[PDB]
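Novice: Sending over a structure as structure tokens; questions will come in a sec.
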Amino acid sequence: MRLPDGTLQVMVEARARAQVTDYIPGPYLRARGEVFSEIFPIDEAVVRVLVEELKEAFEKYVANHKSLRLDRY
Amino acid sequence: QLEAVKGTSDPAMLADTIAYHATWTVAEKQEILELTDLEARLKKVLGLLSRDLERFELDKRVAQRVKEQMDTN
């Protein structure tokens, strides 16, 4: 979204991590990468236990900041 | 304010009604209107009402010990 006061808002969604091979001197700057880094979950038992522990930690963490501006939902 | 306040969904008239029930100086009220966050308003006013509760209990404390000291004398 464009605004006439100089502030342009953008809503982005990150897809996947990647490496950066080299930059070109700009302005503006361009960069390229060799491969797209993707990882696959293997042996999901301990992974699921750690997901459950992260769920417990976030559930016990979500209801603390009453005045430090943190939403519940 | 007997039946005019009980069963009211409006929070703002309700909250600043509490604000002009807090019997202190006009400077306290300007200190309120300095603050833009409603949560810290209502929390420090809960602190005011808690110290009002200890004023209440200290008054019953001094009243009880004064009349038992009196009639035991």
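FYI, nothing fancy with the structure tokens labels: chains A, B, ... in order, residues from 1 per chain, ligands from 1 as they appear.
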Please report as a list in words which residues of chain A come no farther than 10 Å from chain B, using only C-alpha atoms.

Specialist: residues 66, 67, 68 and 69 of chain A

Novice: Using only N, CA and C atoms, please write the residues we just selected to a file, as a PDB file, in the first residue's frame.

Specialist:
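Result saved to part-v5.pdb:
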ATOM      1  N   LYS A  66       0.291  -9.014  31.200  1.00  0.00           N
ATOM      2  CA  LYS A  66      -1.007  -8.367  31.337  1.00  0.00           C
ATOM      3  C   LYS A  66      -0.973  -6.911  30.890  1.00  0.00           C
ATOM      4  N   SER A  67       0.110  -6.194  31.190  1.00  0.00           N
ATOM      5  CA  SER A  67       0.238  -4.789  30.834  1.00  0.00           C
ATOM      6  C   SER A  67       1.376  -4.517  29.864  1.00  0.00           C
ATOM      7  N   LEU A  68       2.130  -5.542  29.468  1.00  0.00           N
ATOM      8  CA  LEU A  68       3.218  -5.395  28.512  1.00  0.00           C
ATOM      9  C   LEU A  68       2.767  -5.636  27.075  1.00  0.00           C
ATOM     10  N   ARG A  69       1.459  -5.508  26.810  1.00  0.00           N
ATOM     11  CA  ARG A  69       0.855  -5.479  25.472  1.00  0.00           C
ATOM     12  C   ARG A  69       1.107  -6.775  24.692  1.00  0.00           C
TER      13      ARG A  69
END

Novice: From chain B, collect each residue whose DSSP state is alpha helix (DSSP H) and return the set as a ChimeraX atom specification.

Specialist: /B:12-21,26-34,38-72

Novice: Neighbouring residues of residue B:48 were defined as those with any atom within 8 Å, considering only C-alpha atoms; residues of the same chain fewer than 4 positions away were excluded. Please report them as a count of residues only.

Specialist: 3

Novice: Need the shell around residue B:23: protein/DNA/RNA residues with any atom at most 12 Å away, counting only C-alpha atoms. Skip same-chain ones fewer than 5 positions apart. Format as an mmCIF file with N, CA, C and O atoms, in the first residue's frame?

Specialist:
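This went into result34.cif:
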data_model
loop_
_atom_site.group_PDB
_atom_site.id
_atom_site.type_symbol
_atom_site.label_atom_id
_atom_site.label_comp_id
_atom_site.auth_asym_id
_atom_site.auth_seq_id
_atom_site.Cartn_x
_atom_site.Cartn_y
_atom_site.Cartn_z
ATOM 1 N N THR B 17 -15.765 7.348 35.609
ATOM 2 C CA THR B 17 -16.526 7.518 36.841
ATOM 3 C C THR B 17 -15.709 7.067 38.037
ATOM 4 O O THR B 17 -15.667 7.773 39.053
ATOM 5 N N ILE B 18 -15.035 5.912 37.917
ATOM 6 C CA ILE B 18 -14.070 5.503 38.946
ATOM 7 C C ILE B 18 -12.996 6.566 39.129
ATOM 8 O O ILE B 18 -12.562 6.844 40.255
ATOM 9 N N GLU B 28 -3.619 14.769 40.225
ATOM 10 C CA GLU B 28 -3.760 13.333 40.006
ATOM 11 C C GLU B 28 -4.566 13.049 38.748
ATOM 12 O O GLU B 28 -4.258 12.116 38.000
ATOM 13 N N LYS B 29 -5.565 13.882 38.473
ATOM 14 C CA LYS B 29 -6.403 13.686 37.300
ATOM 15 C C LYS B 29 -5.654 14.039 36.021
ATOM 16 O O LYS B 29 -5.840 13.390 34.981
ATOM 17 N N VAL B 45 -5.401 2.301 39.629
ATOM 18 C CA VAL B 45 -6.607 2.617 40.388
ATOM 19 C C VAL B 45 -7.049 1.418 41.242
ATOM 20 O O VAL B 45 -7.568 1.600 42.353
ATOM 21 N N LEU B 48 -5.027 1.949 44.128
ATOM 22 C CA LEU B 48 -5.661 2.968 44.962
ATOM 23 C C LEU B 48 -6.790 2.374 45.796
ATOM 24 O O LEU B 48 -6.950 2.707 46.973
ATOM 25 N N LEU B 49 -7.577 1.475 45.207
ATOM 26 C CA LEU B 49 -8.681 0.881 45.955
ATOM 27 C C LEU B 49 -8.178 -0.152 46.960
ATOM 28 O O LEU B 49 -8.783 -0.328 48.021
ATOM 29 N N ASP B 52 -7.133 1.914 49.700
ATOM 30 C CA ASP B 52 -8.380 2.297 50.364
ATOM 31 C C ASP B 52 -8.873 1.188 51.297
ATOM 32 O O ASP B 52 -9.386 1.463 52.394
#

Novice: Provide the atom CA of residue B:42 to atom CA of residue B:20 distance in Å, to one decimal place.

Specialist: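 For atom CA of residue B:42 relative to atom CA of residue B:20, the distance reads 12.7 Å.
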
Novice: Give the strand (DSSP E or B) residues of stretch 24-59 of chain A, as DSSP finds them on the backbone, and put them as a PyMOL selection string.

Specialist: chain A and resi 24+30-32+36

Novice: In Å, with one decimal, what is the gap from atom CA of residue A:9 to atom CA of residue A:36?

Specialist: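 Going from atom CA of residue A:9 over to atom CA of residue A:36 covers 27.5 Å.
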
Novice: As an exercise, work out the distance from atom CA of residue B:60 to atom CA of residue B:24 in Å and give it to one decimal place.

Specialist: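 Pair atom CA of residue B:60 / atom CA of residue B:24 returns 22.2 Å.
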
Novice: Taking only C-alpha atoms into account, name the residue in B:41, B:56, B:35, B:2 that is nearest to residue B:19.

Specialist: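 When distances to residue B:19 are compared using only C-alpha atoms, the smallest one comes from B:41.
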
Novice: Excluding residue A:62 and its own-chain neighbours fewer than 5 positions away, which residues fall within 8 Å of it when counting only C-alpha atoms? Please give them as a list in words.

Specialist: residues 70, 71 and 72 of chain A

Novice: Pull N, CA, C and O atoms from the residues just selected and write them as a short mmCIF file (atom, residue, chain, number, x, y, z; two decimals), in the first residue's frame.

Specialist:
data_model
loop_
_atom_site.label_atom_id
_atom_site.label_comp_id
_atom_site.auth_asym_id
_atom_site.auth_seq_id
_atom_site.Cartn_x
_atom_site.Cartn_y
_atom_site.Cartn_z
N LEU A 70 0.57 -7.87 25.22
CA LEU A 70 0.65 -9.18 24.58
C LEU A 70 -0.73 -9.81 24.54
O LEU A 70 -1.37 -9.99 25.58
N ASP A 71 -1.17 -10.18 23.34
CA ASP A 71 -2.51 -10.71 23.14
C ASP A 71 -2.62 -12.14 23.69
O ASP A 71 -1.63 -12.85 23.86
N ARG A 72 -3.86 -12.55 23.96
CA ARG A 72 -4.11 -13.87 24.52
C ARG A 72 -4.26 -14.94 23.43
O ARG A 72 -3.77 -16.06 23.59
#
